[PDB]
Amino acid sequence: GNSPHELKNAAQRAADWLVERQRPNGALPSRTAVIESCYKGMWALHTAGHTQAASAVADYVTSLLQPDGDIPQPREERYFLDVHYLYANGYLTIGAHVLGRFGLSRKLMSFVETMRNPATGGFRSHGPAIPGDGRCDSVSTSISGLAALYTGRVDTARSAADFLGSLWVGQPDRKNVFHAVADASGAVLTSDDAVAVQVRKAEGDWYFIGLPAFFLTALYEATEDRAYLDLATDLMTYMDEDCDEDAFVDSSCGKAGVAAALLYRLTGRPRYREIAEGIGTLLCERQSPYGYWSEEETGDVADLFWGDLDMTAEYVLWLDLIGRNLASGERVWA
C-alpha cells in the first residue's frame, strides 16, 4: 500500500485542480449550480492549506444562507431532499467552524439541531420543504453528530450515538440487510422505501455503516467512553468480516477508511492500519492523471458533473484524514 505521504500528495493534486478552476463567486467547477456539488469544499480545501479558496467557498455558502440557518436551494439530487437532507449541512458546518467562520457555523449547526428528534436522538431525513413521515437515518444522524463534535455540542453528539446504538441493536436481519432508517418512535424501518444496505451483495451504500463508524470513533476520542469505541469496533468488524468485499472497494468506502485510520491511531491494532492503507491506496489509484476523480470521464476537463466534483473534494478530505491518522499511528505504535 501507498504511504501516508503519498496519500497526501494525491490529495494535494486534486485540491490544486479544484482551486485552479474555482469561480469568482467562490463556487467550485460544477456543471450544475447545486449545493450538493461543493458542500465538502470548505473543509477539503482547508485541509489542503488552500485557505483563501476555502474562504471563497465560505463566501459563496454565506450568500446562500437563509435566515433559519439552512441552505434549502439550490438542491436537485433527491438523496439531498428526502434520504439525508442534512448531509450537506453537516459538512458545511464543520468546514465553516474549522475556518473560524463562527457565525456561519453557529447558524448552520442551530438549524441542524432543529431537525433532531428529542426522543430518539436521530436526525430527520427530509428537509423542511420536503414532505415526509419523520424518519431518521444513520447518515443524517452521523454527520450531524460529527458537526456537533466540531462545534462543541457534545451532548447532541452523545444523543446521536444513542440513536445509532439503538439502530444497531434493533436490526432484524443483520447478516443480510442493514436497515439504516428508523421511524419517529425509534423503530427500525423495513419498508421498501427505507434505505437498506444489502450486506452480502456488491451494491454500494456502505457509507450508511462507515460514516457511523467514523463518527463513533471520533466521539470516543472526545469522551473516552468505551461504549462508543465498542460500537465503532463492532461496526468495523461487521464491514470487515461480515459485509461483502465491496464495503472496502465501492466509491463510498472512504468513510470506513477514515474510521479504520482513526481506530488504528487510537488502538494500534494492525488490521485497522491494513484496512485504511488498502482503502487510501485504492482511492489514490483511481485518481485521474489530470488530478480529479470521476466515474466515467478521464480527460483534461474544465468542470465536472456535480457528483464527481463532490467525490473529488471528498477524496481530498479522506486521503488527508487517512494519511495523518496512519502517520501518527505509526509514530505512536510502531
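Each residue number is its position in the shown sequence, starting from 1.
Item to check | Greater mean Cα temperature factor according to the PDB record, 325-333 or 4-12 | outcome: Of 325-333 and 4-12, the stretch with the higher C-alpha B-factor average is 325-333.
Checklist entry - Got a sec? Mean C-alpha B-factor, which is higher, 46-54 or 26-34? => result Comparing 26-34 with 46-54, the higher mean C-alpha B-factor belongs to 26-34.
Next on the checklist: I'd like to know which of 61, 309, 301, 275 has the highest C-alpha temperature factor in the PDB entry.
Outcome noted: The record points to 301.
Checklist entry - Quick one: which of 160, 239, 130, 146 has the biggest Cα B-factor according to the entry? => result It is 130.
Checklist entry - By the record's CA B-factor, is residue 165 among the lowest, middle or highest third of residues in the chain? => result According to the entry, residue 165 has a C-alpha B-factor in the chain's highest third.
Item to check | Assigned third (lowest, middle, highest) for the C-alpha B factor of residue 101 | outcome: Within its chain, residue 101 is a lowest-third residue by C-alpha B-factor, going by the deposited values.
Checklist entry - Based on the entry's values, in what third of the chain does the Cα temperature factor of residue 220 lie: lowest, middle or highest? => result Lowest third of the chain for residue 220's C-alpha B-factor.
Checklist entry - With respect to C-alpha B-factor, does residue 73 fall in the lowest, middle or highest third of the chain as deposited? => result Within its chain, residue 73 is a middle-third residue by C-alpha B-factor, going by the deposited values.
Checklist entry - Taking the C-alpha B-factors as the PDB entry records them, is residue 211 in the lowest, middle or highest third of its chain? => result For residue 211, the deposited C-alpha B-factor lands in the lowest third.
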